[PDB]
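Asker:
2 protein chains.
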Amino acid sequence: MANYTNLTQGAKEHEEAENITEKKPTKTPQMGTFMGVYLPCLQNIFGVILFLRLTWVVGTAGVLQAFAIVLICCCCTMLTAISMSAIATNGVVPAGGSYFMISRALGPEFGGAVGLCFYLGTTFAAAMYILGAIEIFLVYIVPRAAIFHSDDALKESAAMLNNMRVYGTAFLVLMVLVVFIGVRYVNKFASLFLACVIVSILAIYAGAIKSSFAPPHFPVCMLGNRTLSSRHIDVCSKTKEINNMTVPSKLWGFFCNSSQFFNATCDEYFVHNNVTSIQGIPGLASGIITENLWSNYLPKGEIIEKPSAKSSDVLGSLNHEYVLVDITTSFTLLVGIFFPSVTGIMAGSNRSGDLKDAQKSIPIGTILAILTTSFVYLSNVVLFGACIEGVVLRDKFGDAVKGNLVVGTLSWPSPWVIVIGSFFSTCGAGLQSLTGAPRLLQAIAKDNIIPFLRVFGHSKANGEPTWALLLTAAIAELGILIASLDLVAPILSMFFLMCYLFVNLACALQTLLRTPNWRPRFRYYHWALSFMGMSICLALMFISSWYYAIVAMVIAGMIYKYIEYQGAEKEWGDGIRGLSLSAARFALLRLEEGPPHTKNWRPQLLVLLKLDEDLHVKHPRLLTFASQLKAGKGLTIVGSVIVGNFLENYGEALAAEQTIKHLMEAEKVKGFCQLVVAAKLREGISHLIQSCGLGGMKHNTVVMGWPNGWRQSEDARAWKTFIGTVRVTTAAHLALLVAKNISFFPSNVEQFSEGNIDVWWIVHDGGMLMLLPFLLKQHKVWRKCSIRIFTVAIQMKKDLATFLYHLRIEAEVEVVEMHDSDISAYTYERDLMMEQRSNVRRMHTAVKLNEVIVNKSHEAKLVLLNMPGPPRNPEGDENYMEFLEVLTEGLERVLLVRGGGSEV
Amino acid sequence: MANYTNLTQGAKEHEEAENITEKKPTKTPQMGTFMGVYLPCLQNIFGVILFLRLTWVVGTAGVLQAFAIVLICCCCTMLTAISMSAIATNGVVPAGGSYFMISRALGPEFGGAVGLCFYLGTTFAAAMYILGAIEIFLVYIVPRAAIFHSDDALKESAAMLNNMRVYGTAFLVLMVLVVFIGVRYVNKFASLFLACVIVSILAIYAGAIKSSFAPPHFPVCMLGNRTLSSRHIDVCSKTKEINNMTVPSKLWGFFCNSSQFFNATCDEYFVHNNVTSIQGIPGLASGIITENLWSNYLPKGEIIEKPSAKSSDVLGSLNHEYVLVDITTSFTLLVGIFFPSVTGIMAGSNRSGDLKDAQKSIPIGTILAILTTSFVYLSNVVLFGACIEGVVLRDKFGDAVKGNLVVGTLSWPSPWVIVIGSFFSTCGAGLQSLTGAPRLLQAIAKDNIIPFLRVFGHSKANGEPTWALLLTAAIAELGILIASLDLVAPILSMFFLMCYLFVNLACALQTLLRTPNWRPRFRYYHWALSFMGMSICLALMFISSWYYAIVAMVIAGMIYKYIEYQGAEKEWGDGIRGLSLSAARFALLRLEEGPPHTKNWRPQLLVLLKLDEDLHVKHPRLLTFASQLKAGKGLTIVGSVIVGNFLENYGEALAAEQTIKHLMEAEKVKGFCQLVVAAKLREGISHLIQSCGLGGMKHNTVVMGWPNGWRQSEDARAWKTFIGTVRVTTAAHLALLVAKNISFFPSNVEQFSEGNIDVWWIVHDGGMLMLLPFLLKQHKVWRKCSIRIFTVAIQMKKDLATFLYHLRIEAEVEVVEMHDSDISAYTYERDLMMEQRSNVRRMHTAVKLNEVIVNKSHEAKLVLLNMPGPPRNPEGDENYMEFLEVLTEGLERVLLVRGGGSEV
Ligand SMILES: *[C@@H]1O[C@H](CO)[C@@H](O[C@@H]2O[C@H](CO)[C@@H](O[C@@H]3O[C@H](CO)[C@@H](O)[C@H](O)[C@@H]3O)[C@H](O)[C@H]2NC(C)=O)[C@H](O)[C@H]1NC(C)=O
Ligand SMILES: *[C@@H]1O[C@H](CO)[C@@H](O[C@@H]2O[C@H](CO)[C@@H](O[C@@H]3O[C@H](CO)[C@@H](O)[C@H](O)[C@@H]3O)[C@H](O)[C@H]2NC(C)=O)[C@H](O)[C@H]1NC(C)=O
Ligand SMILES: *[C@@H]1O[C@H](CO)[C@@H](O)[C@H](O)[C@H]1NC(C)=O
Ligand SMILES: *[C@@H]1O[C@H](CO)[C@@H](O)[C@H](O)[C@H]1NC(C)=O
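First to last, the protein sequences are chains A and B. Quick note, the first sequence lines up with residues 1 to 904 if you use our numbering. Quick note, the second sequence lines up with residues 1 to 904 if you use our numbering.
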């Protein structure tokens, strides 16, 4: 015993859940995977197409191409089920419908785009289902009752369209009144609607099976190879004997105007050929499948011809009774006419609030429902191919079979069971889609995702959409005005296809780009599956209509970008400013949840500009050289400290910030400026070195200016601060670039005709040292210079040579033998590193280093040079600075470099 | 006297310019707008289509639809000229070709996408132009010389294709050898090629004019309304009298097999109708334009019928001599066949290195060239409509006119002038495109934008592309294998259309999004123009072929995203990490060049977390409340200071940073963490408050915890620091949120059943105070509470009421009259503000504020409360803290708020 429903859950349920945040009522509706996602998805996938148009599709396509159609459609919907299940497992499943899951998983932008595309899909589905109920009622149930009587022969077809427009509008107003007053009854009878569907399908299968031994007696009159309609004919014989008199039969009256055979003038085809009774449903074992295994695709108005029976060759006798192809078919038309029979998988998660284990019921339930419906469709394709005549199939309005539903002829009890089950099922699906479209519309309105839809957020006392439903009815009316399933189906399919394409693309993107909170806990979901689904039914969209597809893509893109703009203006306060703000924040967040290191090391600079007492940059060359080093790409944070109290220097801080920004723009530096007003310059710099940049956009190198004239100045703070900064950089594990004689560094406008960047590779930290000159040579200033590596001190050397080879930029390496004592400070530091994982000697060896370095590189344009670490005791800081100063004595332009990190 | 060229400038020139950075040789090639951009664009727009296919297009389309075609094509190319001129004016114009301008203006990603799409365009253009030269040579000049002789009747069509494949491949190998050896000769004779084009067009116009009084004698034999071919017939008469004997004419031999009229069996149409000589070129004043003003669009193999002459009605006599429609035409086919006649506008800026005033010559020159060619095409459409028979036009191979070029019949001297001018012009355009395609390819390779194309960067001694040209020849070969202009033209047009679509879309985007360095200094460029162009010829792309267009879009999208990925990996060092890094940097940069303020104010928080001596967050509730306030969206920077020396606390800093990150993730705070190891907690906080965040992603509110137990602690630093931070926030012009009793703030899991957020709006800073509660109520925790504004102190009040109404969230405002003395500290501060633009009294009035505030709001869940500024003298800091403490004495949870900024 159960009272379940297949409808959706809109804002009313999501709100109930959110309020229930802070139960016995909830526990009772809890439903297992079967009755919670299998049956809702099954009842919503089985639409009207399977009946009113599957026989026609099989016939006009040939079992092979019909199999291809059903398989392609089922493939898009299955890959979308896998992607939607990936969405279902990821994170908590909201209590609302599938829209809320998709929204909370893909962000409001995709949520709103998918919501509106799926909503237009559902409205045009209410239109197609009402058209189908009207077509079944009007063509098969009560043909006599029509608003417009059949007039002449040319207009009779138009009269049917008018009959459908008027009847469909009346029926749509009825369905809207029903959903508005008494949707509870729809919930109550969803089970009866599913019963009708399943009884109908079992009747189809029972008929197909019974058709093996005892097939039914539905014969078709056929004149030669020209199929005749049997709506008015009684006997498939030229002369109908009456009262022992061979009076001519009515068909004579329909091909000959005498009607008394008194020297009757019968047309050509009638006199030559013969009328025959062809069994319309041969046995399943009869083997007709071999006959109808091939496409027909006859254009509009062509007579339907069985290519089996005999025939004369005369032509010209065009007649009304000849059953005609009612639409110019094609493959791309058949896929569109058939696709709205696989839509409805989002209904699998339309009942997610009333579930027990959502992430477990929804994926399995949805995929099993799609497997069931795909098997039903792919099996019925073959059964129709192998049980129905290849001519009764192409009859799209049950002509030639006395006006019975084509699939109806295959049933155990009678075609009536199917002709009524399809009518009740199709009106039930119409009611379902007139409840599912406005609930989704009020959920998109209540989310305030899109502003102008705010009017439709208004709900009834019970939380029913009063003003969303009216718009849904208006759009369904616009649909019904095209009173033909064959023309509404491409539009419906295009909207649902856009919904499925976005659901597959958002998943593929969020899996590739490592979007935060994208944890698809599914045992079989791989982004290639969602991508293959997106591709399959992008192709499906375009195949069915290349102009409708572009219109849908542009509509969805505009809704998406407009939702993004409104979200920006909502959270940041401005439209485009806030849009870029959100882009930056989202990129940085995505940047956080990832491996901290990078497979390659690239210097992201923090230029430490020193501000004089006039608050002017004491070294613009720092910026010039930073621009040359980064070449306008990458991250360059220009930091500077203003000594003083912040409470009274805010104006100065703003002025100096504008100054530094103008200087950066003048030196073609693309980057950011940050000023810290600090009480102590050393502490200000120690805070800039470790705090610049938003998390994930940190620097990794600190570019400093050498403290020129340290000995001359009486104050010892200037030289002692540089060492303090060096220690801070080393402790923070950042690279260090101490530029010396920076006043002589070349400007952005001048160039070097010829020169040598003399990188000195010493025992360790070879990665940064080698990488620098090439980044410099990539700039126009240092473009025309050569590179010479004067190595002083096996496996690492070989690795370096290989890395240079990969670099592909010409560089010559020379190894100069040096006494260990001369390089003692280096070897000492290296030993300290290996174990981790004097002054007179240091100076007397630094002068040897001077001898070699000047003798080899005196005339270089830029001498890179590895650094030794600062002393452990801060007492030998003077000795350390003297060591550096002598080590660099006599060189024109030195870039002291210290790795101090895992640089690769 | 001048020796100019119309070719492009590749890497060789761009490199020369860059080297010349640091002249007499350059000055001599300087060329004015006319000979620099007008004539190159004019010589490259006038292709083969105008001749070999314009007459056919006019005929098979009708002057009206042909006018529509030419106008739509010219409209896309004109809007693209406007967008390309906007690119040309913006910034310095590089010396290379149009590729370099487009690259430096739209970034390397669009540069490479446009480069490759335009390159495939140019290669398939070399294929079409070689096919055209072969078709002209083979069909009109020397029909007798063909590799394959006519095969039967129907096959003869296939034989022509083989004749074209073999001749075209031979000609393509010739053109490749010519461009490889002696491109200088191509530069020398570009002027002769332009001469041929212009002489040909003036000959067309002179013929059209001469056709007013004296039209030429090109008659056409027509049998009834069936046009006959005249390649073999001599007299348009059934019987050709020979030697005074009325012997039957050859056409008798082509419709009757007797050939001697001895009881000849002539077919039906021949015996009934009559052969007539219809003047093929009636006068311009004859008025035939009224006849050919309508489309024909006859499908393949249909006989071309003049709907003017008399005719019998018998049918069946299918014959070889009946001129047939050679391709199943349609509008969408004609637009594709005609579009490669408007392409070539990027050649306007193919000579930008040798210009005087680039930003002035290129826009005017290009637009004038497009106006000239559009006028020539739109004028020739009408002239062909009004001068050529409506049957000679639909003849696509000069049949029925004795095998002469259709447009050739309209010329002053003879059709020979045009038939040779078109051949020389088309081989010249083939040479041009086999020099323009490989130059562009080596420029895309040398830029190292795309890695795998690196092989093609290899150049000859002079800087000619040795290995790019071979690939261009291979792709042109693949094109020639489809030996028909009518089938190569859609592919060429699709590639060039993709190039133009990207050139229009990049401009529209960079204008809307305010991309840095996008200064379009043009007097008429508006992004709506570029957008309209993008839309027009996106429609053109899809119209011509919906599957080729998707293939082109996907190819261009993949090249674009792959270039973006390679740039990320190049500059940042990682692929996806670096990709997000570049996205963030670009967003922040774009964010810098904009108005600093925002039309709306939204709190971007800096949570100041206090770290205890155990290095644990002393107040997680700060984070919880920050999460509730921002609701997971926006910017939240969690800053904290570790007291100590950074040189030895790096490990602790990393540990505490991980701790704070885990806490943030536990409290659902999405944001970033920054630790500053400082010598003094107060100075560390003063540096965090002013330095957090990358420029443009700054905070604007500082969220602090109240210094609980300030009086109990003997140390006065704890209470004095809070005031110092308040002063720093106020001076920095940031908002301030002092949370008091923060240990009692509700957690993210619990909720409030019912409660009142009692915002106290006091004299000023009403914007932040009102905005806060609504952001709080937007969270599930504070969702179920109400809001009560207890205003204490006209126009501003009305503005506040209106703002509350806009907010749309229910709130009740109560104004309580209070004595000015009680609010003295507030009124005093307000007066200080108005002028800019005791303690016993303060305490005795704070207790009155206590009386009122507790009597009204004692049981509130959260009391917001405006703050007075800190005292000017730092001596009264104890009095200020006592004032605050009493003012908040007895309230459960207080959020002291201070605006101190231009909050709106
Ligand atoms: C149903 O019967 C009609 C009556 O003959 C068929 O019409 C004619 O069918 C032939 C195929 O048998 C069509 O092609 C013809 O083929 C012969 C084979 O040699 C060829 O000699 C003819 O020139 C022609 O190509 C023919 O077009 C068609 N119509 C006429 C006016 O003859 C009809 O095809 C039959 N239906 C099916 C499905 O076969
Ligand atoms: C060139 O001459 C031929 C020879 O008659 C034309 O063929 C026939 O042209 C008529 C139009 O006059 C086509 O339509 C017919 O119209 C009459 C008008 O009453 C109608 O009674 C017929 O039933 C038919 O609809 C006809 O299809 C066409 N072919 C045959 C076999 O008759 C041809 O149209 C002429 N070309 C042009 C451009 O007019
Ligand atoms: C029509 O029927 C007669 C006798 O039943 C038969 O002889 C004739 O061949 C038939 N014609 C065709 C086209 O089958
Ligand atoms: C053919 O020509 C004869 C005499 O010139 C004329 O009488 C007849 O009407 C013509 N037939 C047609 C169809 O014009």
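We put the CB at the ideal spot given by N, CA and C, even for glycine.
Counting only runs that start and end within the region 616-680 of chain A, where is the alpha helix (DSSP H) found for 4 or more residues in a row?
Answerer: At a cut-off of 4 residues, the continuous stretches assigned as alpha helix (DSSP H) that sit fully inside the region 616-680 of chain A are 620-630, 650-666.
Asker: Please find out if some non-hydrogen atom of ligand 3 comes closer than 6 Å to the beta-carbon of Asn225/A.
Answerer: no
Asker: Taking DSSP as the reference, what is the three-state secondary structure of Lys740/A?
Answerer: Looking at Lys740/A - three-state DSSP - the assignment turns out to be strand.
Asker: Report the partner residues of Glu321/B according to the DSSP bridge assignment.
Answerer: Partner(s): none; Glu321/B has no beta bridge.
Asker: Below 6 Å, is the gap between the Cβ of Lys310/B and the nearest heavy atom of ligand 4?
Answerer: yes
Asker: Determine the DSSP secondary structure at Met128/A, reduced to helix, strand or coil.
Answerer: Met128/A falls in the helix class under three-state DSSP.
Asker: Compare the beta carbon distance of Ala437/A and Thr123/A with 7 Å and say whether it is the shorter of the two.
Answerer: yes
Asker: DSSP state of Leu895/A, grouped into three classes?
Answerer: strand
Asker: Would you be able to state if there are at least three C-beta pairs under 8 Å between the region 642-654 of chain B and the region 790-800 of chain B?
Answerer: no
Asker: Taking DSSP's pairing of strands, which residues face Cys266/A in a bridge?
Answerer: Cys256/A
Asker: So, is the C-beta of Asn404/B closer than 7 Å to a C-beta in chain A?
Answerer: no
Asker: If we count Cβ pairs, one from each stretch, closer than 8 Å, do we get three or more for the region 505-522 of chain A versus the region 560-567 of chain A?
Answerer: no
Asker: Quick one, which residues of the region 740-761 of chain B are near chain A if we go by CB-CB under 9 Å, in chain order?
Answerer: Taking 9 Å as the Cβ-Cβ cut-off against chain A, the residues of the region 740-761 of chain B that qualify are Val749, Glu750, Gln751, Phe752, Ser753.
Asker: Under 7 Å, do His699/A and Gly705/A count as touching if we go by C-beta distance?
Answerer: Going by C-beta atoms, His699/A is not nearer than 7 Å to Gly705/A.
Asker: Is the closest heavy atom of ligand 1 to the C-beta of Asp313/A under 6 Å?
Answerer: yes
Asker: For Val677/B, go through chain A and note every residue whose CB falls closer than 9 Å to its CB, in chain order.
Answerer: Contact of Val677/B with chain A by beta-carbon distance below 9 Å involves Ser686, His687, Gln690.
Asker: Strictly by DSSP, which residues pair up with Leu862/B?
Answerer: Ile757/B
Asker: Spatial neighbours of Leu378/B within its chain, please: C-beta separation below 8 Å, excluding the five flanking residues on both sides.
Answerer: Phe67, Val70, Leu71, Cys74
Asker: Quick one, which residues of the region 567-578 of chain B are near chain C if we go by CB-CB under 9 Å, in chain order?
Answerer: Protein chains A and B are contained in the structure displayed, whereas chain C is not.
Asker: Whole alpha helix (DSSP H) runs in the region 455-541 of chain A with 4 or more residues, listed along the chain?
Answerer: Within the region 455-541 of chain A, the complete alpha helix (DSSP H) runs of at least 4 residues are 466-480, 485-512.
Asker: Please state whether DSSP places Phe790/B in a helix, a strand or coil.
Answerer: Of the three classes helix, strand and coil, the one that applies to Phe790/B here is strand, per DSSP.
Asker: Does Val854/B come out as helix, strand or coil in the three-state DSSP assignment?
Answerer: helix
Asker: Output, in chain order, the set of chain A residues within a Cβ distance shorter than 8 Å of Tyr650/B.
Answerer: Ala731, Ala732, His733
Asker: Is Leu609/B closer than 7 Å to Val638/B when the C-beta atoms are compared?
Answerer: yes
Asker: Touching or not, the region 93-106 of chain A and the region 461-478 of chain A, by the rule of three or more beta carbon pairs under 8 Å?
Answerer: no
Asker: With a threshold of 16 other CB atoms inside 10 Å of the CB of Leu315/A, please say whether the residue is buried or exposed.
Answerer: So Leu315/A counts as exposed.
Asker: Which value, in whole angstroms, describes the spacing of the CA atoms of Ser150/B and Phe456/B?
Answerer: 42 Å
Asker: Short of 6 Å in beta carbon distance, which residues of its chain neighbour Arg842/B, apart from the five on each side in sequence? Order them along the chain.
Answerer: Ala825, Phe883
Asker: Give me the chain A residues within the contact set of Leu775/B, using Cβ-Cβ distance strictly less than 8 Å, ordered along the chain.
Answerer: Per Cβ cutoff of 8 Å: no residues; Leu775/B is ~10 Å from chain A at best.
Asker: Along the chain, where does the alpha helix (DSSP H) containing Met834/B start, and where does it finish?
Answerer: 824-836
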